[PDB]
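Okay, so here's just one chain, in structure tokens, the form solved without this ligand.
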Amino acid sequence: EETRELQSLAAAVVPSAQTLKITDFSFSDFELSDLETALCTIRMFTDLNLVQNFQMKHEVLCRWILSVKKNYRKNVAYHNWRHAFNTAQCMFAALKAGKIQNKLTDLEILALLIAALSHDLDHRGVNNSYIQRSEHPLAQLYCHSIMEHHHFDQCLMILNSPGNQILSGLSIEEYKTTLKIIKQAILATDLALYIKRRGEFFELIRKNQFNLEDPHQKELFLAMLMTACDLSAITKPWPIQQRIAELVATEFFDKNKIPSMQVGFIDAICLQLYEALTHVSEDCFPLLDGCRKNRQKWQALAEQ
């Protein structure tokens, strides 16, 4: 049934990060089976030293990963398991290739990876729009009166389910700190909260006053990082981004104006974010470079 899946997952060899290409910003998931994305996820926890430092039992981490995946099964494509898996992959690539890993504590890295994986688990719970089909990120802003939201209840419920407690090896003080960061990183994937707080982040960077060691600026930086990862399909190699963008038209759920939608999207949201991210961490330039190349391809298409 799904004992089968867990048994098969826990027994399998976990290939290296290099084999799985999860350290690349150009990572493509389409050829992977769901079960291979779970192996990729295990590898992310492993290479961030989270399995070791917090003594996560292998079977427990496998079951938690499958619990998370299972609870995405009714979500639309922009908020599904593949979305959260890729949000996590971008986080991993930005932590590793982008080197952000070195700037953060282990509890921050742990909360970030769990948040990336879990941030859309409540999409059907806290939204009455947006759940029939994948809606453009900016449909929030211009189309519906009420915006598109995220929550952490499902996240914490799965984390505390018997057999799924990847955090049992934390002390009480570590657990409390981690849950707090998880809650904020999940709420930060609300585009409303990004728009509300980004100008300050940009000013600090413009004025070269950005100080990651300030508790308000660390919260704000972790939030921008969550948004960078959540929106990262806008950075992908052109064929990936085209087919994801077109899901607003192609998703079967039980293309004429898309070029101008995506250019507007890049000009109003995406370009500044990856520009700002690259000033904090120069090795995240591939996200910005990808976002630039896609604007150029979408602009050429808009010129028909």
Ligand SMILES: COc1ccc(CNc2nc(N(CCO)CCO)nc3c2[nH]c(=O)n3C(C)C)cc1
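When you see a residue number, it is the position in the sequence shown, counting from 1. Here the rigid core means the biggest group of C-alpha atoms that line up within 1.5 Å when the two forms are laid on top of each other. Only residues modelled in both forms are compared.
Of the other compared PDB entries of this protein that include residues on both sides, all give residue 82 atoms, none of them, and so not a third, leaving it without. Across the other compared structures of the same protein with both neighbouring residues present, residue 136 lacks coordinates in at least a third. Look at the C-alpha B-factors of 217 to 225 and of 196 to 204. On average they run higher in 196 to 204.
Per-stretch averaging of Cα B factors for 255 to 263 and 239 to 247 places 255 to 263 on top. Note on 29, 275, 34, 59: the highest value goes to 59, judged by CA B factor as recorded.
When the C-alpha B-factors of 115, 93, 167, 143 are read from the PDB record, the largest value belongs to 143. In the deposited entry, the Cα temperature factor of residue 75 sits in the bottom third of values across the chain's modelled residues. When the CA B factors of the chain's modelled residues are split into thirds, the value for residue 126 lands in the highest one. Sort the modelled residues of the chain by CA B factor and residue 133 lands in the highest third. The deposited CA B-factor of residue 210 belongs to the highest third of values across its chain. In the PDB entry, a CA B factor belonging to the lowest third of its chain's modelled residues is recorded for residue 120.
The same protein has a further form, the form solved in complex with this ligand, not shown here; the description that follows concerns it.
Steric access to the site is blocked in the shown form: after superposition of the site C-alphas, this ligand as positioned in the entry with it bound has three or more atoms within 2.4 Å of backbone or C-beta atoms. Residue 234 is the only one of 234, 121, 182, 95 with a heavy atom lying within 4.5 Å of this ligand in the entry with it bound. Contact check for 22, 49 and 111: none of the three has a heavy atom within 4.5 Å of this ligand in the entry with it bound.
Partner contact region in the entry with it bound: 261 to 269, out of 54 to 62, 41 to 49, 261 to 269, 275 to 283, criterion any non-hydrogen atom within 4.5 Å of this ligand. Within 4.5 Å of some heavy atom of this ligand in the entry with it bound lies at least one heavy atom of residue 191. With a 4.5 Å cutoff on heavy atoms, residue 72 does not count as touching this ligand in the entry with it bound; it lies far away. Proximity of residue 78 to this ligand in the entry with it bound falls within the 4.5 Å heavy atom cutoff. Taking the partner from the other structure, this ligand in the entry with it bound has a heavy atom within 4.5 Å of a heavy atom of residue 249. Of the residues 126, 157, 195, 97, exactly one exceeds or equals a 2 Å C-alpha shift between this form and the one not shown once the rigid core is aligned, and that residue is 126. Residue 249 shows a C-alpha shift of 2 Å or greater between this form and the one not shown [criterion: core-superposed Cα displacement of 2 Å]. The two forms, fitted on the rigid core, differ between this form and the one not shown by less than 2 Å at the CA of residue 108. By 3 Å or more, the C-alpha separation between residue 64 and residue 126 grows in the entry with it bound relative to the form shown here.
The gap between the Cα atoms of residue 126 and residue 158 is larger in the entry with it bound, by no less than 3 Å, than in this form. Regions that shift between this form and the one not shown, defined as runs of three or more consecutive residues whose CA atoms all move by 2 angstroms or more after core superposition, comprise 73 to 78, 122 to 134, 143 to 151, 247 to 254.
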